[PDB]
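File shown: work-v6.pdb. Contents: PDB, C-alpha atoms and all ligand atoms.
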ATOM      1  CA  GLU A   9      -0.928   0.660  21.484
ATOM      2  CA  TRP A  10      -4.269  -1.135  21.682
ATOM      3  CA  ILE A  11      -6.024   2.083  20.644
ATOM      4  CA  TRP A  12      -4.183   2.524  17.333
ATOM      5  CA  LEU A  13      -5.101  -1.086  16.590
ATOM      6  CA  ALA A  14      -8.762  -0.520  17.436
ATOM      7  CA  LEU A  15      -8.680   2.722  15.472
ATOM      8  CA  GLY A  16      -7.045   1.101  12.468
ATOM      9  CA  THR A  17      -9.551  -1.749  12.558
ATOM     10  CA  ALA A  18     -12.490   0.669  12.662
ATOM     11  CA  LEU A  19     -11.159   2.900   9.874
ATOM     12  CA  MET A  20     -10.398  -0.058   7.587
ATOM     13  CA  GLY A  21     -13.790  -1.611   8.221
ATOM     14  CA  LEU A  22     -15.667   1.614   7.549
ATOM     15  CA  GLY A  23     -13.568   2.322   4.503
ATOM     16  CA  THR A  24     -14.396  -1.131   3.163
ATOM     17  CA  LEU A  25     -18.091  -0.740   3.929
ATOM     18  CA  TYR A  26     -18.153   2.691   2.272
ATOM     19  CA  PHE A  27     -16.460   1.482  -0.919
ATOM     20  CA  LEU A  28     -18.716  -1.574  -1.046
ATOM     21  CA  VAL A  29     -21.934   0.419  -0.758
ATOM     22  CA  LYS A  30     -20.709   3.144  -3.086
ATOM     23  CA  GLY A  31     -19.849   0.481  -5.661
ATOM     24  CA  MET A  32     -23.331  -1.039  -5.518
ATOM     25  CA  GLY A  33     -24.852   1.945  -7.290
ATOM     26  CA  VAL A  34     -22.349   1.576 -10.149
ATOM     27  CA  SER A  35     -22.795  -0.526 -13.300
ATOM     28  CA  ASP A  36     -19.954   0.611 -15.580
ATOM     29  CA  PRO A  37     -17.744  -2.458 -16.349
ATOM     30  CA  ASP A  38     -14.632  -0.291 -16.134
ATOM     31  CA  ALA A  39     -15.665   1.349 -12.866
ATOM     32  CA  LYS A  40     -16.614  -1.987 -11.283
ATOM     33  CA  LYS A  41     -13.106  -3.382 -11.595
ATOM     34  CA  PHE A  42     -11.703  -0.443  -9.608
ATOM     35  CA  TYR A  43     -14.410  -0.903  -7.011
ATOM     36  CA  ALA A  44     -13.423  -4.573  -6.768
ATOM     37  CA  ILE A  45      -9.722  -4.024  -6.117
ATOM     38  CA  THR A  46     -10.218  -0.886  -4.041
ATOM     39  CA  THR A  47     -12.760  -2.513  -1.729
ATOM     40  CA  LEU A  48     -10.752  -5.710  -1.380
ATOM     41  CA  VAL A  49      -7.624  -3.912  -0.118
ATOM     42  CA  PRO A  50      -9.055  -2.347   3.051
ATOM     43  CA  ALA A  51     -11.146  -5.510   3.515
ATOM     44  CA  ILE A  52      -7.899  -7.457   3.784
ATOM     45  CA  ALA A  53      -6.337  -4.859   6.085
ATOM     46  CA  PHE A  54      -9.396  -4.848   8.341
ATOM     47  CA  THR A  55      -9.165  -8.612   8.719
ATOM     48  CA  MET A  56      -5.501  -8.359   9.696
ATOM     49  CA  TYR A  57      -5.961  -5.419  12.064
ATOM     50  CA  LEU A  58      -8.961  -7.074  13.725
ATOM     51  CA  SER A  59      -6.753 -10.158  14.038
ATOM     52  CA  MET A  60      -4.078  -8.131  15.801
ATOM     53  CA  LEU A  61      -6.760  -6.973  18.230
ATOM     54  CA  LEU A  62      -7.828 -10.593  18.768
ATOM     55  CA  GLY A  63      -4.196 -11.389  19.505
ATOM     56  CA  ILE A  78       0.596  -9.804  16.115
ATOM     57  CA  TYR A  79       2.687  -7.409  14.034
ATOM     58  CA  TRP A  80       3.502 -10.039  11.451
ATOM     59  CA  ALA A  81      -0.223 -10.017  10.707
ATOM     60  CA  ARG A  82       0.143  -6.396   9.613
ATOM     61  CA  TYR A  83       3.133  -7.444   7.532
ATOM     62  CA  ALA A  84       1.033 -10.164   5.876
ATOM     63  CA  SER A  85      -1.572  -7.565   4.934
ATOM     64  CA  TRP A  86       1.184  -5.528   3.277
ATOM     65  CA  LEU A  87       1.948  -8.685   1.329
ATOM     66  CA  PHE A  88      -1.593  -8.890  -0.057
ATOM     67  CA  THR A  89      -2.420  -5.199  -0.385
ATOM     68  CA  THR A  90       0.660  -3.716  -2.002
ATOM     69  CA  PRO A  91       0.159  -5.760  -5.232
ATOM     70  CA  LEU A  92      -3.535  -4.831  -5.397
ATOM     71  CA  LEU A  93      -2.740  -1.140  -4.907
ATOM     72  CA  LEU A  94      -0.220  -1.324  -7.752
ATOM     73  CA  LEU A  95      -2.854  -3.134  -9.837
ATOM     74  CA  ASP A  96      -5.311  -0.320  -9.144
ATOM     75  CA  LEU A  97      -2.800   2.211 -10.511
ATOM     76  CA  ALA A  98      -1.887  -0.020 -13.463
ATOM     77  CA  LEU A  99      -5.548  -0.326 -14.470
ATOM     78  CA  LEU A 100      -5.924   3.448 -14.298
ATOM     79  CA  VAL A 101      -3.198   4.094 -16.863
ATOM     80  CA  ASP A 102      -4.124   0.940 -18.773
ATOM     81  CA  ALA A 103      -0.580  -0.381 -18.374
ATOM     82  CA  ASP A 104       0.316  -3.479 -20.399
ATOM     83  CA  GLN A 105       0.571  -6.905 -18.762
ATOM     84  CA  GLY A 106       4.361  -7.039 -18.851
ATOM     85  CA  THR A 107       4.776  -3.759 -16.976
ATOM     86  CA  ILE A 108       2.242  -4.888 -14.377
ATOM     87  CA  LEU A 109       3.883  -8.296 -13.899
ATOM     88  CA  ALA A 110       7.235  -6.596 -13.408
ATOM     89  CA  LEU A 111       5.762  -4.218 -10.803
ATOM     90  CA  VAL A 112       4.009  -7.005  -8.919
ATOM     91  CA  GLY A 113       7.128  -9.127  -9.111
ATOM     92  CA  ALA A 114       9.194  -6.279  -7.684
ATOM     93  CA  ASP A 115       6.580  -5.836  -4.960
ATOM     94  CA  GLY A 116       6.945  -9.500  -4.018
ATOM     95  CA  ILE A 117      10.698  -9.002  -3.795
ATOM     96  CA  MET A 118      10.208  -5.915  -1.642
ATOM     97  CA  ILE A 119       7.951  -7.685   0.870
ATOM     98  CA  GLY A 120       9.818 -10.963   0.525
ATOM     99  CA  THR A 121      13.272  -9.582   1.288
ATOM    100  CA  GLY A 122      11.858  -7.445   4.076
ATOM    101  CA  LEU A 123      10.834 -10.655   5.798
ATOM    102  CA  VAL A 124      14.057 -12.575   5.118
ATOM    103  CA  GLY A 125      16.062  -9.619   6.410
ATOM    104  CA  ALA A 126      13.898  -9.708   9.545
ATOM    105  CA  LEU A 127      14.539 -13.429  10.021
ATOM    106  CA  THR A 128      18.322 -13.063   9.999
ATOM    107  CA  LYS A 129      20.167 -12.044  13.169
ATOM    108  CA  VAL A 130      23.466 -11.080  11.562
ATOM    109  CA  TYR A 131      23.646  -7.356  10.858
ATOM    110  CA  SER A 132      25.325  -7.559   7.440
ATOM    111  CA  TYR A 133      22.845  -9.962   5.865
ATOM    112  CA  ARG A 134      19.879  -8.027   7.214
ATOM    113  CA  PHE A 135      21.323  -4.834   5.754
ATOM    114  CA  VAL A 136      21.670  -6.320   2.274
ATOM    115  CA  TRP A 137      18.224  -7.952   2.336
ATOM    116  CA  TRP A 138      16.658  -4.629   3.275
ATOM    117  CA  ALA A 139      18.780  -2.742   0.729
ATOM    118  CA  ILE A 140      17.350  -5.132  -1.862
ATOM    119  CA  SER A 141      13.884  -4.514  -0.453
ATOM    120  CA  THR A 142      14.442  -0.750  -0.739
ATOM    121  CA  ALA A 143      15.848  -1.120  -4.248
ATOM    122  CA  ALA A 144      12.677  -3.013  -5.226
ATOM    123  CA  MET A 145      10.524  -0.255  -3.751
ATOM    124  CA  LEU A 146      12.559   2.379  -5.587
ATOM    125  CA  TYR A 147      12.045   0.586  -8.903
ATOM    126  CA  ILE A 148       8.291   0.534  -8.245
ATOM    127  CA  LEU A 149       8.205   4.233  -7.341
ATOM    128  CA  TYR A 150      10.266   4.998 -10.461
ATOM    129  CA  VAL A 151       7.866   3.190 -12.782
ATOM    130  CA  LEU A 152       4.821   4.841 -11.221
ATOM    131  CA  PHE A 153       6.373   8.287 -11.198
ATOM    132  CA  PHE A 154       8.080   8.285 -14.577
ATOM    133  CA  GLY A 155       6.675   5.396 -16.619
ATOM    134  CA  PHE A 156       3.020   5.698 -15.579
ATOM    135  CA  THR A 157       3.044   9.491 -15.750
ATOM    136  CA  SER A 158       3.863   9.606 -19.494
ATOM    137  CA  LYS A 159       1.249   6.932 -20.138
ATOM    138  CA  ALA A 160      -1.334   8.924 -18.176
ATOM    139  CA  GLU A 161      -0.542  12.197 -19.958
ATOM    140  CA  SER A 162      -1.503  10.626 -23.308
ATOM    141  CA  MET A 163      -4.863   9.569 -21.873
ATOM    142  CA  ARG A 164      -8.004  11.630 -21.253
ATOM    143  CA  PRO A 165      -7.541  14.645 -18.917
ATOM    144  CA  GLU A 166      -9.496  13.096 -16.040
ATOM    145  CA  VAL A 167      -7.237  10.058 -15.994
ATOM    146  CA  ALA A 168      -4.063  12.150 -16.144
ATOM    147  CA  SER A 169      -5.115  14.461 -13.304
ATOM    148  CA  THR A 170      -6.408  11.728 -10.983
ATOM    149  CA  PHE A 171      -3.344   9.593 -11.593
ATOM    150  CA  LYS A 172      -0.987  12.461 -10.773
ATOM    151  CA  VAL A 173      -2.646  12.851  -7.368
ATOM    152  CA  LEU A 174      -2.729   9.120  -6.612
ATOM    153  CA  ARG A 175       0.874   8.931  -7.790
ATOM    154  CA  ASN A 176       2.044  11.760  -5.525
ATOM    155  CA  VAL A 177       0.228  10.363  -2.506
ATOM    156  CA  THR A 178       1.419   6.821  -3.218
ATOM    157  CA  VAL A 179       5.081   7.783  -3.564
ATOM    158  CA  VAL A 180       5.006   9.750  -0.314
ATOM    159  CA  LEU A 181       3.167   7.105   1.734
ATOM    160  CA  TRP A 182       5.107   4.138   0.375
ATOM    161  CA  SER A 183       8.474   5.826   1.008
ATOM    162  CA  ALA A 184       7.484   6.378   4.626
ATOM    163  CA  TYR A 185       7.232   2.669   5.444
ATOM    164  CA  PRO A 186      10.952   1.865   5.242
ATOM    165  CA  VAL A 187      11.731   5.065   7.120
ATOM    166  CA  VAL A 188       9.481   4.114  10.047
ATOM    167  CA  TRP A 189      10.690   0.526   9.835
ATOM    168  CA  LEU A 190      14.378   1.546   9.916
ATOM    169  CA  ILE A 191      14.002   3.751  12.997
ATOM    170  CA  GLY A 192      11.543   1.430  14.708
ATOM    171  CA  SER A 193      12.002  -1.803  16.681
ATOM    172  CA  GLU A 194      13.018  -3.806  13.629
ATOM    173  CA  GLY A 195      15.757  -1.295  12.905
ATOM    174  CA  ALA A 196      17.682   1.161  15.073
ATOM    175  CA  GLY A 197      15.134   0.790  17.872
ATOM    176  CA  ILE A 198      14.696   4.545  18.268
ATOM    177  CA  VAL A 199      10.918   4.736  17.934
ATOM    178  CA  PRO A 200       8.996   2.846  20.674
ATOM    179  CA  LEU A 201       6.714  -0.005  19.562
ATOM    180  CA  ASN A 202       3.807   2.089  20.854
ATOM    181  CA  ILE A 203       4.444   5.003  18.490
ATOM    182  CA  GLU A 204       5.553   2.817  15.575
ATOM    183  CA  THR A 205       2.185   1.044  15.696
ATOM    184  CA  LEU A 206       0.558   4.499  15.481
ATOM    185  CA  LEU A 207       2.681   5.556  12.506
ATOM    186  CA  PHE A 208       2.100   2.371  10.532
ATOM    187  CA  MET A 209      -1.643   2.548  11.258
ATOM    188  CA  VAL A 210      -1.852   6.103   9.902
ATOM    189  CA  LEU A 211       0.133   5.024   6.855
ATOM    190  CA  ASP A 212      -1.972   1.900   6.301
ATOM    191  CA  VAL A 213      -5.273   3.776   6.545
ATOM    192  CA  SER A 214      -3.983   6.572   4.306
ATOM    193  CA  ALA A 215      -2.798   4.071   1.712
ATOM    194  CA  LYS A 216      -5.757   1.705   1.828
ATOM    195  CA  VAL A 217      -8.690   4.034   2.531
ATOM    196  CA  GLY A 218      -7.349   7.475   1.619
ATOM    197  CA  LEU A 219      -6.151   6.481  -1.835
ATOM    198  CA  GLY A 220      -9.325   4.536  -2.481
ATOM    199  CA  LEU A 221     -11.408   7.607  -1.641
ATOM    200  CA  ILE A 222      -9.437   9.714  -4.113
ATOM    201  CA  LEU A 223      -9.704   7.025  -6.777
ATOM    202  CA  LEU A 224     -13.364   6.097  -6.373
ATOM    203  CA  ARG A 225     -14.544   9.708  -6.138
ATOM    204  CA  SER A 226     -13.096  10.425  -9.564
ATOM    205  CA  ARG A 227     -14.736  10.002 -12.949
ATOM    206  CA  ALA A 228     -11.387   8.600 -14.091
ATOM    207  CA  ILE A 229     -12.626   5.094 -13.234
ATOM    208  CA  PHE A 230     -15.218   5.169 -16.030
TER
HETATM  209  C1  LIG A 301      -1.195  -0.979   3.024
HETATM  210  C2  LIG A 301       0.196  -1.119   3.017
HETATM  211  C3  LIG A 301       1.197  -0.579   2.255
HETATM  212  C4  LIG A 301       0.982   0.401   1.119
HETATM  213  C5  LIG A 301       2.514  -0.999   2.604
HETATM  214  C6  LIG A 301       3.726  -0.687   2.087
HETATM  215  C7  LIG A 301       4.979  -1.169   2.565
HETATM  216  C8  LIG A 301       6.227  -0.898   2.091
HETATM  217  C9  LIG A 301       6.484   0.009   0.901
HETATM  218  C10 LIG A 301       7.374  -1.488   2.765
HETATM  219  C11 LIG A 301       8.693  -1.357   2.469
HETATM  220  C12 LIG A 301       9.928  -1.881   3.122
HETATM  221  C13 LIG A 301      11.171  -1.607   2.615
HETATM  222  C14 LIG A 301      11.477  -0.782   1.375
HETATM  223  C15 LIG A 301      12.475  -2.096   3.240
HETATM  224  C16 LIG A 301      12.303  -3.278   4.241
HETATM  225  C17 LIG A 301      11.158  -3.062   5.128
HETATM  226  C18 LIG A 301       9.779  -2.770   4.444
HETATM  227  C19 LIG A 301       9.122  -4.136   4.142
HETATM  228  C20 LIG A 301       9.000  -2.044   5.579
END
Structure encoded using structure tokens:
Amino acid sequence: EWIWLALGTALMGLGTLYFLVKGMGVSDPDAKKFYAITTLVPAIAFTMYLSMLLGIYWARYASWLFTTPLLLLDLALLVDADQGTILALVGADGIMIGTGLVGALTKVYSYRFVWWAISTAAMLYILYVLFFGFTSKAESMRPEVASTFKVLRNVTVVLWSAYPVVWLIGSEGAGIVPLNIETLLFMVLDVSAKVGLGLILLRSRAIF
């Protein structure tokens, strides 16, 4: 279990460093914003993972709290989504993470179920907007933006959907997956979402 944590920490740190240095050689005002958000996300995750090493799993949850909104923001900026749409997405993200926590704080099965159903419903709304709403918006934009968004979209929807699955079969849920393995799964997901997506985004001309 300690290894996945050390691994996660290292991968997040290197991802952050890489995005930071890569961004230095960029001056485009549009590109810089993406570098800002994209570098900040793994920076936040690194801090939390390193913290878990120093210790702890609520720390990882807290990083989800900070990073999910920024990831959504990254996508919103790519398709130049209007403020309202973005606020709604971020608000839904807060509900997702918020209810996930409240459901975790309740001991009675029925309340937990509803809180997490609400959390899942919030995630589904987010995935719907990205997949359907953002896709039409991207297809009316320059080819590079449309193509890069489609890839980020596909990756995002797959990775995000995996979290509740792992959560539901892990120690917070049915208790089928051992803490040891769950930590591994969430680390792979976190790195893929916060370093993998950034790589795809920042290596594209779509940010200019
Ligand atoms: C870097 C971290 C990322 C992209 C984290 C994403 C986390 C989620 C999409 C979590 C979703 C959950 C539910 C839909 C139900 C309740 C439990 C959660 C919080 C694991």
Would you compute the box with edges along x, y and z of the file around segment 29-34 of chain A, including every atom the file lists for it and 3 Å extra on each side, and give its centre and edge lengths in Å to one decimal, as JSON?
{"center_x": -22.4, "center_y": 1.1, "center_z": -5.5, "size_x": 11.0, "size_y": 10.2, "size_z": 15.4}
Atom CA of residue 189 of chain A to atom CA of residue 220 of chain A, distance in Å rounded to a single decimal: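 These two atoms are separated by 23.8 Å.
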Closest to residue 230 of chain A among A:22, A:206, A:99, A:111, using all atoms listed in the file? A:99
Hey, could you make a per-residue contact list for segment 106-219 of chain A against segment 24-47 of chain A with 10 Å as the cut-off, showing the nearest pair of atoms and its distance in Å to one decimal, counting only C-alpha atoms, sorted by chain and number, as a tab-separated table?
residue	atom	partner	partner_atom	distance
A:216	CA	A:46	CA	7.8
A:217	CA	A:24	CA	7.7
A:219	CA	A:46	CA	8.7
Could you make a table, as JSON lines, of the residues of chain A that have an atom within 8 Å of an atom of ligand LIG 301 (chain A), each with its nearest atom pair and distance in Å to one decimal, counting all atoms listed in the file, in chain and number order?
{"residue": "A:49", "atom": "CA", "partner": "A:LIG301", "partner_atom": "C1", "distance": 7.7}
{"residue": "A:50", "atom": "CA", "partner": "A:LIG301", "partner_atom": "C1", "distance": 8.0}
{"residue": "A:53", "atom": "CA", "partner": "A:LIG301", "partner_atom": "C1", "distance": 7.1}
{"residue": "A:83", "atom": "CA", "partner": "A:LIG301", "partner_atom": "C19", "distance": 7.6}
{"residue": "A:85", "atom": "CA", "partner": "A:LIG301", "partner_atom": "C1", "distance": 6.9}
{"residue": "A:86", "atom": "CA", "partner": "A:LIG301", "partner_atom": "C2", "distance": 4.5}
{"residue": "A:87", "atom": "CA", "partner": "A:LIG301", "partner_atom": "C5", "distance": 7.8}
{"residue": "A:89", "atom": "CA", "partner": "A:LIG301", "partner_atom": "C1", "distance": 5.6}
{"residue": "A:90", "atom": "CA", "partner": "A:LIG301", "partner_atom": "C4", "distance": 5.2}
{"residue": "A:93", "atom": "CA", "partner": "A:LIG301", "partner_atom": "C4", "distance": 7.2}
{"residue": "A:118", "atom": "CA", "partner": "A:LIG301", "partner_atom": "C14", "distance": 6.1}
{"residue": "A:119", "atom": "CA", "partner": "A:LIG301", "partner_atom": "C19", "distance": 5.0}
{"residue": "A:120", "atom": "CA", "partner": "A:LIG301", "partner_atom": "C19", "distance": 7.8}
{"residue": "A:121", "atom": "CA", "partner": "A:LIG301", "partner_atom": "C16", "distance": 7.0}
{"residue": "A:122", "atom": "CA", "partner": "A:LIG301", "partner_atom": "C16", "distance": 4.2}
{"residue": "A:123", "atom": "CA", "partner": "A:LIG301", "partner_atom": "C19", "distance": 6.9}
{"residue": "A:125", "atom": "CA", "partner": "A:LIG301", "partner_atom": "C16", "distance": 7.7}
{"residue": "A:137", "atom": "CA", "partner": "A:LIG301", "partner_atom": "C16", "distance": 7.8}
{"residue": "A:138", "atom": "CA", "partner": "A:LIG301", "partner_atom": "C16", "distance": 4.7}
{"residue": "A:139", "atom": "CA", "partner": "A:LIG301", "partner_atom": "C15", "distance": 6.8}
{"residue": "A:140", "atom": "CA", "partner": "A:LIG301", "partner_atom": "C15", "distance": 7.7}
{"residue": "A:141", "atom": "CA", "partner": "A:LIG301", "partner_atom": "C15", "distance": 4.6}
{"residue": "A:142", "atom": "CA", "partner": "A:LIG301", "partner_atom": "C14", "distance": 3.6}
{"residue": "A:143", "atom": "CA", "partner": "A:LIG301", "partner_atom": "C14", "distance": 7.1}
{"residue": "A:144", "atom": "CA", "partner": "A:LIG301", "partner_atom": "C14", "distance": 7.1}
{"residue": "A:145", "atom": "CA", "partner": "A:LIG301", "partner_atom": "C14", "distance": 5.2}
{"residue": "A:146", "atom": "CA", "partner": "A:LIG301", "partner_atom": "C14", "distance": 7.7}
{"residue": "A:178", "atom": "CA", "partner": "A:LIG301", "partner_atom": "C4", "distance": 7.8}
{"residue": "A:181", "atom": "CA", "partner": "A:LIG301", "partner_atom": "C4", "distance": 7.1}
{"residue": "A:182", "atom": "CA", "partner": "A:LIG301", "partner_atom": "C9", "distance": 4.4}
{"residue": "A:183", "atom": "CA", "partner": "A:LIG301", "partner_atom": "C9", "distance": 6.1}
{"residue": "A:184", "atom": "CA", "partner": "A:LIG301", "partner_atom": "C9", "distance": 7.4}
{"residue": "A:185", "atom": "CA", "partner": "A:LIG301", "partner_atom": "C10", "distance": 4.9}
{"residue": "A:186", "atom": "CA", "partner": "A:LIG301", "partner_atom": "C13", "distance": 4.4}
{"residue": "A:187", "atom": "CA", "partner": "A:LIG301", "partner_atom": "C20", "distance": 7.8}
{"residue": "A:188", "atom": "CA", "partner": "A:LIG301", "partner_atom": "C20", "distance": 7.6}
{"residue": "A:189", "atom": "CA", "partner": "A:LIG301", "partner_atom": "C20", "distance": 5.3}
{"residue": "A:190", "atom": "CA", "partner": "A:LIG301", "partner_atom": "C17", "distance": 7.4}
{"residue": "A:211", "atom": "CA", "partner": "A:LIG301", "partner_atom": "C2", "distance": 7.2}
{"residue": "A:212", "atom": "CA", "partner": "A:LIG301", "partner_atom": "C1", "distance": 4.4}
{"residue": "A:213", "atom": "CA", "partner": "A:LIG301", "partner_atom": "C1", "distance": 7.2}
{"residue": "A:215", "atom": "CA", "partner": "A:LIG301", "partner_atom": "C4", "distance": 5.3}
{"residue": "A:216", "atom": "CA", "partner": "A:LIG301", "partner_atom": "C1", "distance": 5.4}
Coordinates-based distance that separates atom CA of residue 84 of chain A from atom CA of residue 104 of chain A (Å, one decimal):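 If I compute the distance from atom CA of residue 104 of chain A to atom CA of residue 84 of chain A, I get 27.1 Å.
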What would the list of residues within 12 Å of (-9.0, -10.0, 15.2) (file frame) look like as a VMD selection string, if only C-alpha atoms are what count? chain A and resid 10 13 to 14 16 to 18 21 52 to 63 78 81 to 82
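Put simply, atom CA of residue 155 of chain A is 18.5 Å away from atom CA of residue 228 of chain A.
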So, counting only C-alpha atoms, which residue among A:199, A:48, A:94, A:191 is closest to residue 112 of chain A? A:94
Matched chain/residue IDs from the PyMOL selection byres (((chain A and resi 153) around 12) and not hetatm), as a PyMOL selection string: chain A and resi 97-98+101+146-152+154-161+171-180
